[PDB]
Amino acid sequence: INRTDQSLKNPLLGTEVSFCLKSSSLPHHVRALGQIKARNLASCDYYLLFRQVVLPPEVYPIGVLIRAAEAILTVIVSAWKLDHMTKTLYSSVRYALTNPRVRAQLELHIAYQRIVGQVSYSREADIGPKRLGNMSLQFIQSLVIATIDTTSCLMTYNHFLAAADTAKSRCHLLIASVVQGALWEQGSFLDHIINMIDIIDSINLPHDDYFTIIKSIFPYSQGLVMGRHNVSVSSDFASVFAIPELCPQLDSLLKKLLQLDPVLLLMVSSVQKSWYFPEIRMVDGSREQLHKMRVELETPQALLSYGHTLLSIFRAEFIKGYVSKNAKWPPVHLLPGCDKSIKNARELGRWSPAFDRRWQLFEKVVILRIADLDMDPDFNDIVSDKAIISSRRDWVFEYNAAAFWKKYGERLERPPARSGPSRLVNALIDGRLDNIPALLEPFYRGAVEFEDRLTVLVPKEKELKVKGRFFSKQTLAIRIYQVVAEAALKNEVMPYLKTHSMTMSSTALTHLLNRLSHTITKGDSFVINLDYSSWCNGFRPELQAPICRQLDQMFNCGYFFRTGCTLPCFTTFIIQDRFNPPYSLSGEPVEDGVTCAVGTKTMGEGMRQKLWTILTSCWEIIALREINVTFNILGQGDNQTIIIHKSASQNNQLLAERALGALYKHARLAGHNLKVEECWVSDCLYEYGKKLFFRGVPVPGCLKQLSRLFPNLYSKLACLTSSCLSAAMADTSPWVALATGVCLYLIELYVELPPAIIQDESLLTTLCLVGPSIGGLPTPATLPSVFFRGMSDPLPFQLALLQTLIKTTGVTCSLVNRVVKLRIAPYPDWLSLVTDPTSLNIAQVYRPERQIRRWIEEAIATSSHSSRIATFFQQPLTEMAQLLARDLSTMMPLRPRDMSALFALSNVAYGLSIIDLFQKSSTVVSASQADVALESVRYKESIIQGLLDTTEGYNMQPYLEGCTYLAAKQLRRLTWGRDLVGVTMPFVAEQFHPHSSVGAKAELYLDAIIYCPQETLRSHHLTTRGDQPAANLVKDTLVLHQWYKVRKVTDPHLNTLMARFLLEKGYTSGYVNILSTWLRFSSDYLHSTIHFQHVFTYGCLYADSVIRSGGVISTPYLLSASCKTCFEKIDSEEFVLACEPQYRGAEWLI
Amino acid sequence: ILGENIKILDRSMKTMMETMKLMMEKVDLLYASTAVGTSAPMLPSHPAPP
Amino acid sequence: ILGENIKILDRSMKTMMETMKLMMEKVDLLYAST
Amino acid sequence: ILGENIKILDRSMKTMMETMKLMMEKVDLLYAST
Amino acid sequence: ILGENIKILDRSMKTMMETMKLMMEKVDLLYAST
Ligand SMILES: [Zn+2]
């Protein structure tokens, strides 16, 4: 199989191209050179060629897609009862799909996708010419020939994938931009997007300059917004970048966007993947990487002194946290000359405030053992996909034999097969990871075995850095050492760092973020945003050796941290340039400074992530404390936000200047030179979690997120739905996300399915409206969670959508049956219900694979040759899970919402989670397979055949007439024959019916929820805030038991099951919130938990809709109750388990 | 007073421990610094787990 | 246990006994470079 | 009747401490002078 | 049975007197080297 990837997932490399142009003598070279024109472009200039691709206008008949999208959105809105905005939504979609430029981009995306599909996973290796507009593609092995008229560019399949992904991202960007503009106060801004596209595509500067511009677009936009809307602190961030010099047109366009709306500028400027990715200059990039891993900014002696200072502050913070959490000092030994205050504080077991500014006093305090190193990592970390190298002897397997032979003139002594696994999961299966304490024993001593001292650096894909950034894949032993050290740091010491502890407790985190949002606008809390660039290639052994020693003594693991603290100096580093291999002298790499480097001062990116965080927090606390300013360090990565509170003595400007100077000075004494462009101060803009915040209100990522095993239609649609759901969870409007997702879903269906299905508007609509809940492809339509935050039953919503479709459009019920094609399972499958309470017992035909759990489990049980796995799978976990599910399926008031709860706190749930981790590893599933190429072809054929069928599944007439609540309960009764109760949640739309009170009649006043607006709302109000209002499975089980007893649920059988669950463990005895702060609640309810929150969200969504539809509210509006049958009284009688439990227990897990 | 005269020995031990650890830090870094670019072996710096 | 706390002290010293020795070898072979 | 045989090692301990410090400065100043 | 325990400790201490002076010259002649 050739050309496996269907999307850009690897860095763009050229060394292969250069090797094939001049070197190499394989048969494919003759064919390749034959099909190269005189004007052969370089691979580094591939984007200069794909920009010229033009397709004939309106080649794909996508009008059916337009009509289907219109109908789908109309149906969704009508179901939601927001009939005053369907006009806006479907008009926007039609305009988006009818624009000339937008349609051209969409057609280009479709052509790219079809060309990719026709060649990926092809056993053939010389696919003939393929026409793409004026280009004539041609594939050879993993190389591509692209010709337009006379110029050609010998590429790699990765380059073509990058071009295809660029076209796809531009399609997404344009569609989302039009839809978003249709729903804003300020009109369509699509023209600016098109203008930016044309301007950037018109850039003819060299490779490096063009990609510098593209990289700088976003930070320069931040600087532009910042320099205009700072009130307290100054700003010069925009000055550093050279955009206004290199590309004046882009600068003028960006300034125009800023003038229009800063939020819009941050919106559009955030796109960074919709522009062709660079080709890493591997020679220079690797040379720079290796040099940066061996440079000494600071003298080692000064670094060691500062390391001692950092050790002092680390001791201070740890002791403070330990005291605050246990009201007693940890075991410490006081050195001679210790200060009297320290003695008194230790004796009294308290923490005097004076220490906060006197960390130096802790230089005489040594912390003794407080825990033991957990040299037994849990499966959550071992079972992963991070590629690893088995040992040194496998280094020869990361290069091409032909390239090595040509470059040096000598063969490569590659053994017949790799001596060991290629990934962590394979290592675990093979039994390597069963005596970890012995595996890490060399680290304890301090002499890592020579066989485990090699590191391979890998370039990072989809990064706009021509020089490139490398992350490191490392030997199995070093990888396990890292895992153990990271777990220990994150579990035993990091929670005790008082100042740093308040950045991981979500409660404190959320409270701090809310306070920052409330105070940023008032001009009393500005933020400093440091973004280290050399952080990864930073820390030297000297700086961290003292803290490494203190940790070693703290965990009683002799020299376990110091060994990795000084390891890089004894390690061999190589660059995976598959066609630029290093020389091999005696079976080992030879240092040359470009491809190989034996011994460096740091272990590179990824390694010691947490320790570096601790050190950074330490020196930041030092820098800020000495100037006596309140601070709230907030950050985890190389970019950190420092929140500084106003001081009554001096204005924010002087405070910011002093803080920045101190940070410069102290980062200077760490070998972490901090430059101007990496730090900026602002009182209007700040960033956290890769998510901007302008004047407190978040900047939606509509244009960015919506622009984001073997492949299959189901997998692609699921990824689309998940991305759109994440965007909706962000500050993106639910309507923007929903419309964009509908458009994208229709495009995706158009790419795959044959014309017969596509040109069937009614069928296409029905397909888009049949969600997975009733059995069908994932769709953005059927998603109640888009508009809500809590758990919600999707079934009533799906039935409501189908009912509305039937009532409104010309689709007949027989067609719905044809598409839905209901197929009740022959026998109950209790495990599926337990692991997903709100699902019907139906055959999920479109699912990529069903019952595969036993296949993976069975494959793991055999062909293992391990010990941990053997004890982990003594008897089939799937069979026991089914047993437990059946056991829990004997509650006379069968309430799956609790069956899932009970099943959750059992060892079998953890075992199924581990199996899920195993299958998630694409290596395990491929190992289980016993190719995938035919599997996809068969899969595509089956679905294409399935819906082309004209067979019926089950007469749905009785299930699409009444309340979706009652209908859903009837459906569950039918599909399990047990009158399932306790999980159906009504649909807010049918439960109520919004009414404006302008025309309200006395009949409507009897019962409803009223919404009182303080003043008339407007589009401006939608973006400005107002004023109106392990063993832990034992504690959760205990609180569940306390919950039951408090409610007086005391059942002998349930008690026995719960006690068994205990003894097997060992124990024995925000989108709309801004408007929400603009209205007032109403508790004047008669009947009606969490569901009420959904009603409130719907009520305020009505106002959002009427405002966004060019309307205004003059009087309070009510929410009458329309469907009475959608109301019920719940008693929750008891969990009468009936038949006695038979699960027993595992006792092997944990 | 049979134990107080012993605790001061322990503190004397712990004081030496820091002395040894500082020696190790310095010596370890000297050797590591000269080991860059050479095939110098990675000598152990701690006897063994008990 | 009055004698155990000193018993543990012994082997704690024994760790130093060779902890230097392994430093002695590395320092000694450092001379051979010069 | 046994404390008399332990006061003679602590007095020697101090004598062995002063040597340890007496060489501490010697070793440290050697690192800086490099 | 402490008397034997003391003596074994005492000899181990005597292993510190000669070992150090067996490396005092070694480490200090490094200064003579530089
Ligand atoms: Zn109803």
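Numbers and lists here come from the model and the stated rules, or from a named source; none is laboratory data. Here Cβ is always computed from backbone atoms with ideal geometry, including for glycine, and neighbour counts include all displayed protein chains.
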Checking A:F570 against (1) within 11 Å of chain B (Cβ to nearest Cβ); (2) within 20 Å of A:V295 (Cα to Cα); (3) surrounded by fewer than 23 Cβ atoms within 10 Å (Cβ to Cβ): exactly one of these is not met. Which one? (3)
Among helices (runs of 4 or more DSSP H) entirely within the stretch A:320-424, at least 3 residues that are within 30 Å of A:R625 (Cα to Cα) occur in A:340-348
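With the condition kept exactly as written, say whether any residue in the stretch A:431-440 is in contact with a strand residue (DSSP E or B) (Cβ under 9 Å, 6 or more places away or on another chain) and more than 21 Å from A:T566 (Cβ to Cβ). Full working, then the answer.
Pass one, the stretch A:431-440, residues in contact with a strand residue (DSSP E or B) (Cβ under 9 Å, 6 or more places away or on another chain): none.
No.
Every residue, every condition in (1) closer than 30 Å to A:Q874 by Cβ; (2) more than 16 Å from the ligand (Cβ to nearest atom); (3) not in a loop (DSSP other than H, G, I, E, B), yes or no:
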site	(1), (2), (3)
A:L1054	yes, yes, yes
A:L1057	yes, yes, yes
A:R1060	yes, yes, yes
A:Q1093	no, yes, yes
A:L1101	no, yes, yes
A:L1119	no, no, yes
A:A1146	yes, yes, no
A:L1149	yes, yes, no
Do we find a residue being within 7 Å of chain A (Cβ to nearest Cβ), closer than 30 Å to D:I1 by Cα and within 19 Å of the chain's Cα centre (by Cα) anywhere in the stretch B:12-25? yes
Tell me, which helices (runs of 4 or more DSSP H) wholly within the stretch A:455-557 include 1 or more residues that are away from chain B (no Cβ under 14 Å) and farther than 26 Å from A:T572 by Cα? A:476-488, A:498-501, A:506-520
Applying the selection to the stretch A:997-1024, what residues are more than 16 Å from the ligand (Cβ to nearest atom), over 30 Å from A:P698 (Cα atoms) and part of a loop (DSSP other than H, G, I, E, B)? A:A1000, A:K1001, A:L1006
Any idea which residue in the stretch A:750-791 is farthest from A:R897 (Cα to Cα), counting only those that are hydroxyl-bearing (S, T, Y) and out of contact with any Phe, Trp or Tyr (no Cβ under 9 Å at 6 or more places or on another chain)? A:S762
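Does B:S45 satisfy the condition of being at the interface with another protein chain (Cβ under 7 Å from one of its Cβ atoms), under 30 Å from C:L2 (Cβ atoms) and of a type outside the set (A, V, I, L, M, F, W, C)?
For B:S45, the condition - at the interface with another protein chain (Cβ under 7 Å from one of its Cβ atoms), under 30 Å from C:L2 (Cβ atoms) and of a type outside the set (A, V, I, L, M, F, W, C) - is not met.
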For the subset of the stretch E:1-33 comprising residues that are facing chain D (nearest Cβ under 8 Å) and farther than 20 Å from D:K14 by Cα, which member is surrounded by the fewest Cβ atoms within 10 Å (Cβ to Cβ)? E:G3
Of the residues A:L805, A:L833, A:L801, A:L815, which is more than 30 Å from A:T1097 (Cα to Cα) and either surrounded by fewer than 21 Cβ atoms within 10 Å (Cβ to Cβ) or touching a helix residue (DSSP H, G or I) at 6+ places or on another chain (Cβ under 9 Å) (or both)? A:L815
Collect the residues in the stretch A:160-212 that are under 21 Å from A:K255 (Cβ atoms) and of a type in the set (S, T, Y), keeping them in residue-number order. A:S177, A:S188, A:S202, A:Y210, A:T212
Quick one: what pairs do we get from the stretch A:955-975, first residue closer than 15 Å to A:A989 by Cβ and in the same structural domain as A:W80 (by TED's automatic domain parsing), second of a type in the set (G, A, S) and within 12 Å of the ligand (Cβ to nearest atom), C-beta under 9 Å, 6+ apart or different chains? none
Going residue by residue through the stretch A:613-628, is there one that turns out to be of a type in the set (G, A, S) and outside the structural domain of A:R414 (by TED's automatic domain parsing)? yes
For the stretch A:233-274, name all the residues that are of a type in the set (S, T, N, Q), in contact with a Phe, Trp or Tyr (Cβ under 7 Å, 6 or more places away or on another chain), surrounded by 20 or more Cβ atoms within 10 Å (Cβ to Cβ) and over 19 Å from A:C679 (Cα atoms). A:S269
Exception for A:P994 within (1) under 25 Å from A:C768 (Cβ atoms); (2) within 16 Å of the ligand (Cβ to nearest atom) falls at (1)
The residue from A:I36, A:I72, A:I66 that alone is of a type in the set (V, I, T), out of contact with any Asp or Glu (no Cβ under 9 Å at 6 or more places or on another chain) and assigned to a loop (DSSP other than H, G, I, E, B) is A:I36
Count, please, the residues in the stretch A:635-656 that happen to be more than 26 Å from the chain's Cα centre (by Cα) and assigned to a strand (DSSP E or B). 4
Selection status of A:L334, assigned by TED's automatic domain parsing to the domain that holds A:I214 and not polar (S, T, N, Q): no
